[PDB]
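So this one's input18.csv, CSV, N, CA, C and O atoms:
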chain,number,residue,atom,x,y,z
X,510,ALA,N,-15.3,0.3,-0.1
X,510,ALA,CA,-14.2,0.3,-1.2
X,510,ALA,C,-13.1,1.4,-0.9
X,510,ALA,O,-13.3,2.6,-1.1
X,511,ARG,N,-11.8,0.9,-0.7
X,511,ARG,CA,-10.8,1.9,-0.4
X,511,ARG,C,-10.0,2.3,-1.7
X,511,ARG,O,-9.6,1.5,-2.5
X,512,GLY,N,-9.9,3.6,-1.9
X,512,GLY,CA,-9.1,4.1,-3.1
X,512,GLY,C,-7.7,4.2,-2.7
X,512,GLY,O,-7.3,4.4,-1.5
X,513,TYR,N,-6.7,4.2,-3.7
X,513,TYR,CA,-5.3,4.5,-3.4
X,513,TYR,C,-4.6,5.3,-4.5
X,513,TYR,O,-5.0,5.1,-5.6
X,514,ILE,N,-3.6,6.0,-4.2
X,514,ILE,CA,-2.7,6.5,-5.2
X,514,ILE,C,-1.3,6.3,-4.7
X,514,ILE,O,-1.0,6.6,-3.6
X,515,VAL,N,-0.5,5.6,-5.5
X,515,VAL,CA,0.9,5.4,-5.3
X,515,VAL,C,1.7,6.5,-5.9
X,515,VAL,O,1.6,6.9,-7.1
X,516,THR,N,2.7,7.1,-5.1
X,516,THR,CA,3.5,8.2,-5.6
X,516,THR,C,4.9,7.8,-5.6
X,516,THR,O,5.2,6.6,-5.3
X,517,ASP,N,5.8,8.7,-6.1
X,517,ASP,CA,7.3,8.4,-6.1
X,517,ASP,C,7.9,9.0,-4.8
X,517,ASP,O,9.1,9.0,-4.7
X,518,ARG,N,7.1,9.4,-3.8
X,518,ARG,CA,7.6,9.8,-2.5
X,518,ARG,C,7.6,8.6,-1.6
X,518,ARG,O,6.6,7.9,-1.6
X,519,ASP,N,8.6,8.4,-0.8
X,519,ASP,CA,8.6,7.2,0.1
X,519,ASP,C,9.6,7.5,1.3
X,519,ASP,O,10.8,7.6,1.0
X,520,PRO,N,9.1,7.5,2.5
X,520,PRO,CA,7.7,7.4,2.8
X,520,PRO,C,6.9,8.7,2.5
X,520,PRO,O,7.5,9.8,2.7
X,521,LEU,N,5.7,8.5,2.0
X,521,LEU,CA,4.9,9.7,1.6
X,521,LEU,C,4.4,10.2,3.0
X,521,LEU,O,3.8,9.5,3.7
X,522,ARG,N,4.7,11.5,3.2
X,522,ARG,CA,4.4,12.1,4.6
X,522,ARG,C,2.9,12.3,4.7
X,522,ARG,O,2.2,12.5,3.7
X,523,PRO,N,2.3,12.1,6.0
X,523,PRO,CA,0.9,12.3,6.1
X,523,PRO,C,0.4,13.5,5.4
X,523,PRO,O,-0.7,13.5,4.8
X,524,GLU,N,1.1,14.7,5.6
X,524,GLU,CA,0.6,16.0,5.1
X,524,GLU,C,0.6,16.0,3.6
X,524,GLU,O,-0.3,16.6,3.0
X,525,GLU,N,1.6,15.4,2.9
X,525,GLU,CA,1.8,15.4,1.5
X,525,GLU,C,0.6,14.5,0.9
X,525,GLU,O,0.0,14.9,-0.1
X,526,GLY,N,0.3,13.4,1.6
X,526,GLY,CA,-0.8,12.6,1.1
X,526,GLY,C,-2.1,13.3,1.2
X,526,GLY,O,-3.0,13.2,0.3
X,527,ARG,N,-2.3,14.0,2.3
X,527,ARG,CA,-3.5,14.8,2.5
X,527,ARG,C,-3.7,15.9,1.4
X,527,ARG,O,-4.8,16.1,0.8
X,528,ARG,N,-2.6,16.6,1.1
X,528,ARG,CA,-2.6,17.7,0.1
X,528,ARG,C,-3.0,17.1,-1.3
X,528,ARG,O,-3.7,17.7,-2.0
X,529,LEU,N,-2.4,15.9,-1.5
X,529,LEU,CA,-2.8,15.3,-2.8
X,529,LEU,C,-4.3,14.9,-2.9
X,529,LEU,O,-4.9,15.1,-3.9
X,530,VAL,N,-4.8,14.3,-1.8
X,530,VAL,CA,-6.2,14.1,-1.7
X,530,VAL,C,-7.0,15.4,-1.9
X,530,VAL,O,-8.0,15.4,-2.6
X,531,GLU,N,-6.6,16.5,-1.3
X,531,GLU,CA,-7.4,17.7,-1.4
X,531,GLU,C,-7.3,18.2,-2.9
X,531,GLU,O,-8.2,18.9,-3.4
X,532,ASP,N,-6.1,18.0,-3.5
X,532,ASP,CA,-6.0,18.3,-5.0
X,532,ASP,C,-7.1,17.6,-5.8
X,532,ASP,O,-7.7,18.2,-6.7
X,533,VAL,N,-7.2,16.3,-5.6
X,533,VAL,CA,-8.1,15.6,-6.4
X,533,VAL,C,-9.5,16.0,-6.0
X,533,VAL,O,-10.4,16.1,-6.9
X,534,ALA,N,-9.8,16.3,-4.7
X,534,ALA,CA,-11.1,16.7,-4.3
X,534,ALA,C,-11.5,18.0,-5.0
X,534,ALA,O,-12.6,18.2,-5.4
X,535,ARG,N,-10.5,18.9,-5.2
X,535,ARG,CA,-10.8,20.2,-5.8
X,535,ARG,C,-11.3,20.0,-7.3
X,535,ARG,O,-12.2,20.7,-7.8
X,536,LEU,N,-10.6,19.1,-8.0
X,536,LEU,CA,-10.9,18.7,-9.3
X,536,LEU,C,-12.3,18.2,-9.4
X,536,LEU,O,-13.0,18.4,-10.4
X,537,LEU,N,-12.8,17.4,-8.4
X,537,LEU,CA,-14.1,16.9,-8.5
X,537,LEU,C,-15.2,17.8,-7.9
X,537,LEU,O,-16.3,17.4,-7.8
X,538,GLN,N,-14.8,18.9,-7.4
X,538,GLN,CA,-15.7,19.8,-6.6
X,538,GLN,C,-16.4,19.1,-5.5
X,538,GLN,O,-17.7,19.1,-5.4
X,539,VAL,N,-15.7,18.2,-4.8
X,539,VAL,CA,-16.2,17.7,-3.5
X,539,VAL,C,-15.3,18.3,-2.4
X,539,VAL,O,-14.1,18.4,-2.6
X,540,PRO,N,-15.9,18.6,-1.3
X,540,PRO,CA,-15.1,19.1,-0.1
X,540,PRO,C,-14.1,18.0,0.4
X,540,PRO,O,-14.4,16.8,0.2
X,541,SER,N,-13.0,18.4,0.8
X,541,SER,CA,-12.0,17.4,1.3
X,541,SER,C,-12.7,16.6,2.5
X,541,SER,O,-12.4,15.4,2.7
X,542,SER,N,-13.7,17.2,3.1
X,542,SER,CA,-14.4,16.5,4.2
X,542,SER,C,-15.1,15.2,3.7
X,542,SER,O,-15.4,14.3,4.5
X,543,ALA,N,-15.3,15.1,2.4
X,543,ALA,CA,-15.9,13.8,1.8
X,543,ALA,C,-14.9,12.7,1.9
X,543,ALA,O,-15.3,11.5,1.7
X,544,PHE,N,-13.7,13.0,2.1
X,544,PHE,CA,-12.6,11.9,2.1
X,544,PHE,C,-12.4,11.5,3.6
X,544,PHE,O,-11.8,12.3,4.3
X,545,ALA,N,-12.7,10.3,3.8
X,545,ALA,CA,-12.6,9.7,5.2
X,545,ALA,C,-11.4,8.8,5.3
X,545,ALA,O,-10.8,8.2,4.4
X,546,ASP,N,-10.9,8.6,6.6
X,546,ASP,CA,-9.9,7.6,6.9
X,546,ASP,C,-8.6,7.8,6.0
X,546,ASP,O,-8.1,6.7,5.5
X,547,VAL,N,-8.2,9.0,5.7
X,547,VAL,CA,-7.1,9.2,4.8
X,547,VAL,C,-5.8,8.6,5.5
X,547,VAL,O,-5.5,8.9,6.7
X,548,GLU,N,-5.0,7.8,4.8
X,548,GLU,CA,-3.8,7.2,5.4
X,548,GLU,C,-2.7,7.1,4.4
X,548,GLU,O,-3.0,7.1,3.2
X,549,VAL,N,-1.5,7.2,4.9
X,549,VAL,CA,-0.3,7.0,4.0
X,549,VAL,C,0.3,5.6,4.4
X,549,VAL,O,0.4,5.3,5.7
X,550,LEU,N,0.7,4.8,3.4
X,550,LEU,CA,1.4,3.6,3.7
X,550,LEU,C,2.5,3.6,2.7
X,550,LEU,O,2.3,3.4,1.5
X,551,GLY,N,3.8,3.8,3.2
X,551,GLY,CA,4.9,3.7,2.3
X,551,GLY,C,4.7,4.8,1.3
X,551,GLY,O,4.5,6.0,1.7
X,552,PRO,N,4.7,4.4,0.0
X,552,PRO,CA,4.7,5.5,-1.0
X,552,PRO,C,3.2,5.9,-1.4
X,552,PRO,O,3.0,6.8,-2.3
X,553,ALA,N,2.2,5.4,-0.7
X,553,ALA,CA,0.8,5.4,-1.2
X,553,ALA,C,0.0,6.2,-0.2
X,553,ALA,O,0.3,6.2,1.0
X,554,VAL,N,-1.1,6.9,-0.7
X,554,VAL,CA,-2.1,7.5,0.2
X,554,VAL,C,-3.3,6.7,-0.1
X,554,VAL,O,-3.6,6.3,-1.3
X,555,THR,N,-4.1,6.3,0.9
X,555,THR,CA,-5.4,5.6,0.7
X,555,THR,C,-6.5,6.3,1.3
X,555,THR,O,-6.2,7.2,2.2
X,556,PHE,N,-7.8,6.1,1.0
X,556,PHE,CA,-8.9,7.0,1.5
X,556,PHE,C,-10.2,6.2,1.1
X,556,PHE,O,-10.2,5.4,0.3
X,557,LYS,N,-11.3,6.6,1.8
X,557,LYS,CA,-12.6,6.1,1.4
X,557,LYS,C,-13.4,7.4,1.1
X,557,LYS,O,-13.1,8.5,1.7
X,558,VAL,N,-14.3,7.4,0.2
X,558,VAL,CA,-15.1,8.5,-0.2
X,558,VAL,C,-16.4,8.3,0.4
X,558,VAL,O,-17.0,7.3,0.2
X,559,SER,N,-16.9,9.2,1.2
X,559,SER,CA,-18.2,8.9,1.9
X,559,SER,C,-19.3,9.6,0.9
X,559,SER,O,-19.0,10.3,0.0
X,560,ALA,N,-20.6,9.2,1.1
X,560,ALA,CA,-21.7,9.7,0.3
X,560,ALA,C,-21.6,11.2,0.3
X,560,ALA,O,-21.4,11.8,1.4
X,561,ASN,N,-21.8,11.9,-0.9
X,561,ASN,CA,-21.6,13.3,-0.9
X,561,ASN,C,-22.6,13.9,-1.8
X,561,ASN,O,-23.3,13.3,-2.6
X,562,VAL,N,-22.6,15.3,-1.9
X,562,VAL,CA,-23.6,15.9,-2.7
X,562,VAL,C,-23.3,15.8,-4.2
X,562,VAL,O,-24.2,16.0,-5.0
X,563,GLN,N,-22.1,15.5,-4.6
X,563,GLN,CA,-21.7,15.4,-6.0
X,563,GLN,C,-22.0,14.0,-6.6
X,563,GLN,O,-21.8,13.8,-7.8
X,564,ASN,N,-22.4,13.1,-5.7
X,564,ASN,CA,-22.6,11.7,-6.1
X,564,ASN,C,-21.3,11.0,-6.5
X,564,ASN,O,-21.3,10.1,-7.3
X,565,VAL,N,-20.2,11.6,-6.1
X,565,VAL,CA,-18.9,11.1,-6.5
X,565,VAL,C,-18.5,9.8,-5.7
X,565,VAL,O,-18.6,9.8,-4.4
X,566,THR,N,-18.0,8.8,-6.4
X,566,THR,CA,-17.5,7.6,-5.7
X,566,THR,C,-16.0,7.4,-5.7
X,566,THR,O,-15.2,8.2,-6.3
X,567,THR,N,-15.5,6.4,-5.0
X,567,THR,CA,-14.1,6.0,-5.1
X,567,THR,C,-13.6,5.8,-6.6
X,567,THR,O,-12.5,6.2,-6.9
X,568,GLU,N,-14.4,5.1,-7.4
X,568,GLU,CA,-14.0,4.9,-8.9
X,568,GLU,C,-13.9,6.2,-9.6
X,568,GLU,O,-13.0,6.4,-10.4
X,569,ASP,N,-14.9,7.2,-9.3
X,569,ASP,CA,-14.9,8.5,-9.9
X,569,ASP,C,-13.6,9.2,-9.5
X,569,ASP,O,-12.9,9.9,-10.3
X,570,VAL,N,-13.2,9.0,-8.3
X,570,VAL,CA,-11.9,9.6,-7.8
X,570,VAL,C,-10.7,9.0,-8.6
X,570,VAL,O,-9.9,9.8,-9.1
X,571,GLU,N,-10.6,7.7,-8.7
X,571,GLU,CA,-9.6,7.0,-9.5
X,571,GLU,C,-9.6,7.6,-10.9
X,571,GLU,O,-8.5,8.1,-11.3
X,572,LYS,N,-10.7,7.6,-11.6
X,572,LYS,CA,-10.8,8.1,-13.0
X,572,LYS,C,-10.4,9.5,-13.1
X,572,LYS,O,-9.6,9.8,-14.0
X,573,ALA,N,-10.9,10.4,-12.2
X,573,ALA,CA,-10.4,11.8,-12.2
X,573,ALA,C,-8.9,11.9,-12.0
X,573,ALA,O,-8.2,12.8,-12.6
X,574,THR,N,-8.3,11.1,-11.2
X,574,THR,CA,-6.8,11.1,-10.9
X,574,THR,C,-6.1,10.7,-12.2
X,574,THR,O,-5.1,11.4,-12.7
X,575,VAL,N,-6.6,9.6,-12.8
X,575,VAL,CA,-6.0,9.2,-14.2
X,575,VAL,C,-6.2,10.3,-15.2
X,575,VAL,O,-5.2,10.7,-15.8
X,576,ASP,N,-7.4,10.9,-15.3
X,576,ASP,CA,-7.7,11.8,-16.4
X,576,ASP,C,-7.0,13.2,-16.2
X,576,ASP,O,-6.8,14.0,-17.2
X,577,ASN,N,-6.5,13.5,-15.0
X,577,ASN,CA,-5.9,14.7,-14.7
X,577,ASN,C,-4.5,14.5,-14.2
X,577,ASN,O,-4.0,15.4,-13.5
X,578,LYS,N,-3.9,13.3,-14.4
X,578,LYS,CA,-2.6,13.0,-13.8
X,578,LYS,C,-1.6,14.2,-13.9
X,578,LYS,O,-1.0,14.6,-13.0
X,579,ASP,N,-1.5,14.7,-15.1
X,579,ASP,CA,-0.5,15.7,-15.3
X,579,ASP,C,-0.6,17.0,-14.5
X,579,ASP,O,0.3,17.5,-13.9
X,580,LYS,N,-1.9,17.6,-14.6
X,580,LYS,CA,-2.2,18.7,-13.7
X,580,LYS,C,-1.9,18.4,-12.2
X,580,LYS,O,-1.3,19.2,-11.5
X,581,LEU,N,-2.3,17.2,-11.7
X,581,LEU,CA,-2.1,16.8,-10.3
X,581,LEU,C,-0.6,16.7,-9.9
X,581,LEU,O,-0.3,17.1,-8.8
X,582,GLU,N,0.2,16.1,-10.8
X,582,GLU,CA,1.6,16.1,-10.7
X,582,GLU,C,2.2,17.5,-10.6
X,582,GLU,O,3.1,17.8,-9.7
X,583,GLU,N,1.8,18.4,-11.5
X,583,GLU,CA,2.3,19.7,-11.5
X,583,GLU,C,1.9,20.5,-10.2
X,583,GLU,O,2.7,21.2,-9.6
X,584,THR,N,0.6,20.3,-9.8
X,584,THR,CA,0.1,20.9,-8.6
X,584,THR,C,0.9,20.4,-7.4
X,584,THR,O,1.4,21.2,-6.6
X,585,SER,N,1.1,19.1,-7.3
X,585,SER,CA,1.6,18.5,-6.1
X,585,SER,C,3.1,18.4,-6.0
X,585,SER,O,3.6,18.2,-4.9
X,586,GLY,N,3.8,18.6,-7.1
X,586,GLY,CA,5.2,18.4,-7.3
X,586,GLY,C,5.7,17.0,-7.1
X,586,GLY,O,6.8,16.7,-6.7
X,587,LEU,N,4.8,16.0,-7.3
X,587,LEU,CA,5.2,14.6,-7.2
X,587,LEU,C,4.7,13.8,-8.4
X,587,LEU,O,3.9,14.3,-9.2
X,588,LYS,N,5.2,12.5,-8.5
X,588,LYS,CA,4.7,11.7,-9.6
X,588,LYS,C,3.7,10.7,-9.1
X,588,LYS,O,3.9,10.1,-8.1
X,589,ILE,N,2.7,10.5,-9.9
X,589,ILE,CA,1.7,9.5,-9.6
X,589,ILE,C,2.0,8.2,-10.4
X,589,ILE,O,2.1,8.3,-11.7
X,590,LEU,N,2.2,7.1,-9.7
X,590,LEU,CA,2.8,5.9,-10.4
X,590,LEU,C,1.7,4.8,-10.5
X,590,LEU,O,1.8,4.0,-11.4
X,591,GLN,N,0.6,4.9,-9.8
X,591,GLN,CA,-0.5,3.9,-9.9
X,591,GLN,C,-1.7,4.5,-9.2
X,591,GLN,O,-1.6,5.1,-8.1
X,592,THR,N,-2.9,4.1,-9.7
X,592,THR,CA,-4.1,4.5,-9.0
X,592,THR,C,-5.0,3.3,-9.0
X,592,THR,O,-4.8,2.4,-9.9
X,593,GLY,N,-5.9,3.2,-8.1
X,593,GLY,CA,-6.9,2.1,-8.2
X,593,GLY,C,-7.8,2.0,-7.0
X,593,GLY,O,-7.8,3.0,-6.2
X,594,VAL,N,-8.4,0.9,-6.9
X,594,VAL,CA,-9.3,0.6,-5.8
X,594,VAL,C,-8.9,-0.7,-5.2
X,594,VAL,O,-8.6,-1.7,-6.0
X,595,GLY,N,-8.8,-0.8,-3.9
X,595,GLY,CA,-8.4,-2.0,-3.1
X,595,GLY,C,-9.4,-3.1,-3.2
X,595,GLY,O,-10.5,-2.9,-3.7
X,596,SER,N,-9.0,-4.4,-2.7
X,596,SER,CA,-10.0,-5.5,-2.5
X,596,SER,C,-9.8,-6.0,-1.2
X,596,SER,O,-8.6,-6.1,-0.7
X,597,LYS,N,-10.8,-6.5,-0.6
X,597,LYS,CA,-10.7,-7.3,0.7
X,597,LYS,C,-10.3,-8.8,0.4
X,597,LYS,O,-10.7,-9.3,-0.7
X,598,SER,N,-9.6,-9.4,1.3
X,598,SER,CA,-9.6,-10.9,1.3
X,598,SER,C,-10.7,-11.4,2.3
X,598,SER,O,-10.3,-11.4,3.5
Do you think you could lay out the structure here as structure tokens?
Amino acid sequence: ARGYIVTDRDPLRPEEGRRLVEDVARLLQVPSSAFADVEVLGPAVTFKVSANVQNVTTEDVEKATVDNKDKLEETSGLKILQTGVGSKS
């Protein structure tokens, strides 16, 4: 299951997307090493959460981003415009 966060930065630079992911990881007390395959596509950063000691999943990541959007925006200096989880065709 791939998670994503769409921002108001475009193109969102690989480093900015990485810092945003480490921001959310800090909120969940998971190491950023639990975030695999981190990518930026256009305005979005996407990532997979691998099995970790906090039992945190991709949905937990989504929920934590929603629940802390304001803190995350102030931390990161950008706007979060959508969060969710991807689907395969």
Pick from X:549, X:597, X:510, X:520 nearest to residue X:566, counting all atoms listed in the file:
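Once distances to residue X:566 are computed over all atoms listed in the file, the minimum belongs to X:510.
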What's the 4.5 Å shell around residue X:521, counting only N, CA, C and O atoms, without same-chain residues fewer than 2 positions away, as number ranges by chain?
X: 518-519, 523, 551-552
Write out as a PyMOL selection string all residues of chain X that backbone DSSP assigns to strand (DSSP E).
chain X and resi 512-516+544-550+553-558+589-594
Find the distance between atom O of residue X:596 and atom N of residue X:580 and write it in Å to one decimal.
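Interatomic distance, atom O of residue X:596 to atom N of residue X:580: 28.3 Å.
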Using only N, CA, C and O atoms, list the residues that have an atom at most 8 Å from (-0.8, 5.8, 2.9), coordinates as in the file, as a ChimeraX atom specification.
/X:512-514,521-523,526,546-556
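Our summary of the geometry notes that atom O of residue X:572 is positioned 13.9 Å from atom N of residue X:530.
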Running DSSP on the backbone, which parts of chain X land in helix (DSSP H, G or I), as number ranges by chain?
X: 523-537, 541-543, 567-576, 578-585
Could you check how far atom C of residue X:589 sits from atom O of residue X:542, in Å to one decimal?
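Here the two named atoms are 23.7 Å from each other.
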Please determine the residues with any atom at most 8 Å from (2.1, 13.2, -8.5) (coordinates as given in the file, with all atoms listed in the file counting) and report them as a PyMOL selection string.
chain X and resi 515-518+529+578-590
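Distances from X:533, X:528, X:543, X:576 to residue X:562 were compared using only C-alpha atoms, and the smallest one belongs to X:543.
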When you look at residue X:563 with a cut-off of 8 Å (counting only N, CA, C and O atoms), what residues show up, excluding the ones that are within fewer than 4 positions of it in the same chain? I need them as a ChimeraX atom specification.
/X:537-540,559
Calculated over only N, CA, C and O atoms, which of the candidates X:527, X:545, X:511, X:557 has the smallest distance to residue X:593?
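Closest residue, counting only N, CA, C and O atoms: X:511.
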Which of X:574, X:536, X:594, X:544 sits closest to residue X:560 [using only N, CA, C and O atoms]
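Selected residue with least distance to residue X:560: X:544.
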